[PDB]
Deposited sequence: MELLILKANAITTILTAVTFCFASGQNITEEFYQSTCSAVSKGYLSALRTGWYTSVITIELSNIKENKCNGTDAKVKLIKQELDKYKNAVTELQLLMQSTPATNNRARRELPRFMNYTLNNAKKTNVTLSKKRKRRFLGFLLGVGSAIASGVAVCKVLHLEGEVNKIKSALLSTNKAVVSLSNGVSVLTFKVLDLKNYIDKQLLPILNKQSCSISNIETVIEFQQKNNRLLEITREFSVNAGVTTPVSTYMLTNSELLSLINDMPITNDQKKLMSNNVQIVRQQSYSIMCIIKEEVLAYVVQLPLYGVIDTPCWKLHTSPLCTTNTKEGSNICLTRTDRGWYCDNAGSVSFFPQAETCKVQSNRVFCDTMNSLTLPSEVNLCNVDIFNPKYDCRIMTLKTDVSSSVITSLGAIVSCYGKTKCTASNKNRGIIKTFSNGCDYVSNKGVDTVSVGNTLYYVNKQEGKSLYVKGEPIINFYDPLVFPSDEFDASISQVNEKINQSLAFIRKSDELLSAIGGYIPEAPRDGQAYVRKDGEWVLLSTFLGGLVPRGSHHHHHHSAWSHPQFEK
């Protein structure tokens, strides 16, 4: 779409706008099931099937060993704390009630996909993706009560047993909870049909179908129960209750004075960088922008990694001194040079004797940054160098706008400025400055 950026010279920050939201807000719990079999002149083929049957016994013995265990799994320190799989573990706990697997075992008699009402009222979508009991009771039990010369029986059993062996492996090195959800746990044809039957909007169906590889990354596979010849595990799928609302990304870098004595210098950095998305009259703020996933101009975030802020937080980009929101800063003296590759350019904080440049593949250096905080758009720029570090800029097409302004750090007297404030605000600094002045 129309991706645009604004660099604010006054605050050493940039906003990339034009994105669309797809926020994980809820969970959908489904029960995936695998129908198991309960079973007990020696040539080579009977030996091979006993070897392949030993694996089936080993995997079943191991999954019972996992089922022994009740399932367990800048401003980010302000976030809350919650259990990601608490919604799926509660469903798993229900499946441990007597007759509850028997309800699923019974409802999955005439079909593979079914909606089952549990004792707690959760309407779950149950799946039978593999029937090993049918294969063992039809093709392998009569041939063992000890001679077969159809080698295709060995390969067919190897192929049919393979998915079970691998699902068991994934659960073994992951304490019974896996993420992302592999194609062994749930193939694409199973996932796409699971989406079509999901109690979601047609917009959410189209969104999840065109972005299945994100659904996998945001989903959990929880090993649940082995009981009554049934292997059941829970797949916890994302619900995107917020879709196509505006998102924007805020990039910040340190803003420092460039005086000759580096000990008479003070710094200032906006701490509110991350993803911002309009959401229900407020703004969902994602302080660790690494937890969000971007597909073109769509951004996938999980609300568990967010803060719900007033919409007035956006005024901090236009007027960081506005009275409506107390914009958050830090005053640690971070007089080292760095760069931040934005959506359509690069913020460069250049301090000291550092060589900071932006170059082109064939043309050469096209901008040399002086001390302070500056910005260059990706137009004609291929890389950015800061000291010995080379950064590649994004070659995405979009318009950058440079908002000239006086660096706000110049408005402060270094002799009273409270350096080393890990997390403060415009008002806390002003409060601390007025106190230190009254002592004079």
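Mapping the modelled residues onto the deposited sequence reveals missing stretches at 1-25, 66-70, 104-136, 209-211, 507-568.
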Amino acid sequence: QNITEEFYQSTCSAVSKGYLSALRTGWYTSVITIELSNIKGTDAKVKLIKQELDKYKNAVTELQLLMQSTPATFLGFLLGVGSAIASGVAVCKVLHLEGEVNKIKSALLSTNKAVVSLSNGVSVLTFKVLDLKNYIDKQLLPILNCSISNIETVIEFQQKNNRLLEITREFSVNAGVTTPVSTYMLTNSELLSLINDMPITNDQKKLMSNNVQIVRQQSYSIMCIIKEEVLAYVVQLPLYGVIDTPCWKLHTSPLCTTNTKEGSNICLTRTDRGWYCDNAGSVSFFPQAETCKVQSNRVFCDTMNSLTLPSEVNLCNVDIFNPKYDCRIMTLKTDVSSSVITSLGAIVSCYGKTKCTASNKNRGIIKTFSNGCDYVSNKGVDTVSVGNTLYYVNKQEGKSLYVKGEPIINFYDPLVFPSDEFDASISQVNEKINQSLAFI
From here on, numbers count along this sequence of modelled residues.
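Judged by mean Cα B factor in the deposited record, 159-167 ranks above the other of 159-167 and 310-318. In this entry, the higher average B-factor at the C-alpha atoms falls on 29-37, of the pair 398-406 and 29-37. Among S385, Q51, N371, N378, the highest C-alpha B-factor in the deposited entry belongs to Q51. Of the candidates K353, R270, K138, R298, the PDB record gives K138 the highest C-alpha temperature factor. In the PDB entry, a CA B factor belonging to the lowest third of its chain's modelled residues is recorded for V348.
Remark: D302 belongs to the middle third of its chain, ranked by C-alpha B-factor as recorded.
Ranked within its chain, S221 lands in the middle third, by CA B factor from the PDB record. Ranked by C-alpha B-factor against the other modelled residues of its chain, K205 falls in the highest third. Ranked against the other modelled residues of its chain, the C-alpha B-factor of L125 as given in the entry falls in the highest third.
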